[PDB]
Structures are given as structure tokens and as C-alpha cells.
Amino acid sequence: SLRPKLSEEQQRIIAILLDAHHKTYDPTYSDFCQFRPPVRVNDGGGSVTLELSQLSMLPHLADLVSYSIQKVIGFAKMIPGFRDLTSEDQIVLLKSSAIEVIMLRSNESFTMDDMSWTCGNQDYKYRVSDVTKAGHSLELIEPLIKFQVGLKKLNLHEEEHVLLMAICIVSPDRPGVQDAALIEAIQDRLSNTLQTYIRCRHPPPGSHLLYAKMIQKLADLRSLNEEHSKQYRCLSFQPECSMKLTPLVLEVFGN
């Protein structure tokens, strides 16, 4: 059961990704008061008609997602090797992974205390009912919550969390990529860093089959991505939806 030590290069990769995350994820959520304000209409019955008529939480959650895409673009640019890719492949990778990295990075605000993403006072505590007030349905939200709990229970080290986000972004099997072999080389360098880290720095029993569990979460994210895309397309049919979104969100998710 060999445990090769992390190379100097692998240690540098981990330090770079930790720094990149610390520069692009504010764990105080202090910018969120700058977004359009959250509004919660009375919708205890979960009425799709009402939810679509009002889309009360959409401006705020679209601003949150847009902000988060900006942060993910910045994080990606600091992944070792990402800037070796052509501009065209960088943009394909960013647009295809954005929602997945948002789901991953949001695990840091997710809490099993009450199954919410807690980003401050009540105003910035996001629950499943807030996501339905932004026009989404249970076929996305239920698996998303299940995903957040499963990821929580892996008890990832921050090193592993940031490696997982980087591996998600640098995926050679995204539609439209040109230099799949270069993307795969970059991804393999990150994957080998992660496997090596787990084996020499993650104590048992949480280390047991941990790499395989993390790779499974990447597959789960693909399913969530596809369901989000389907639901976004239907949300976009609502008259005046575009004004509730942002230009960046429209580009990343638009048809």
C-alpha cells in the first residue's frame, strides 16, 4: 500500500489552489447585500403558477450565481496549467462547468444544522423554498440537497475541496473542447496530486475509498448540470425573465 510523498510541484499546486480559493471565496458573504434584494412571496403551497408569475427570489439568486461565476472565472485562471490552454478551450471549460463549481463551492455555506445554505441573517439563508421561488422544481432541488449532504459527509480537507473544483473545471470530456489531450494532461496532474494527498495526508477511516467517492461526486454533478439546464431553458420562457437575470448568466446558460 505505497504512500509516495507529495512532490515539491504537488505541494506548490496545493498552495496555489488554496490561495486562489481564499482570494475568490469570501466566507463572510459580505458582498451579498450588494445584490438585488431577496424577496419571498407567500407560497406555502408551492404553486408553480405563482412562482413563475412572481419569480420573487430570481433577481437575488441570479445576482448570487452571476457573482459566483465571476469568482469561479478568477479561480480557474489560477489553476496551474489553465492558462496554457487556448482562450477558446478556457471559455468552453468555464461555461460548461460553471454551475457544477457553484454547486461544489456552495457546500461551504451549506449546513446540516437545518439543510440550508446559511450566508448571514435570515435574509441570506437560502432554503429549498427559495429555489422554488426562483422558478426551479423538485427534480433539481431534491438531488441537489442530497448531493450537498453527501459531499458534507465526506469531510473533505480544504486541500481536497479545492482540488475537486479544479478537476471539475479542467475536464477533457466537455462538448466543444479542441485540445482534449492537453486538458487531460492538466487534469491528470491535479488528479495525481489529489490521490497522493489523500493517501499520505488524510487519516483513516475517512480516507477509505475517498478518491473514488470524490470521482462519483463529479458524475453526480453532470446529472445536476443537465437537469439545471433543462429547467433554466423552461424558466427562460417566462416573459420578462431576462431582466431578472444578468448578461453573464444569460450567456452561460442560454440556448
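Residue positions are given as counts along the sequence shown, with the first one as 1. Rigid core (definition): largest C-alpha set, two forms, superposition within 1.5 Å.
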(message) Given a rigid core fit, name the stretch, 197 to 205 or 183 to 191, whose C-alphas are on average farther from the form shown here in 8 other deposited structures of this protein.
(response) 197 to 205
(request) Quick one: say whether 173 to 181 or 123 to 131 has the higher mean Cα B-factor in the deposited entry. (result) 173 to 181
(request) May I ask you to compare 83 to 91 and 149 to 157 by their mean CA B factor in the entry and name the higher one? (result) 83 to 91
(message) Just the C-alpha B-factor column, please: which of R199, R36, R189, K217 has the biggest number?
(response) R199
(request) Determine which member of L224, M57, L209, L194 has the highest CA B-factor, using the values in the deposited entry. (result) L209
(request) For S137, return the chain-relative third of its C-alpha B-factor as stated in the PDB record: lowest, middle or highest. (result) highest
(request) Rank-wise, by C-alpha B-factor, drop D63 into the lowest, middle or highest third of its chain. (result) lowest
(message) Which third, lowest, middle or highest, does the C-alpha temperature factor of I13 belong to within its own chain?
(response) middle
(message) Going by the CA temperature factor in the PDB record, which third of the chain does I69 belong to: lowest, middle or highest?
(response) lowest
(message) Is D26 in the lowest, middle or highest third of its chain when residues are ranked by C-alpha B-factor?
(response) lowest
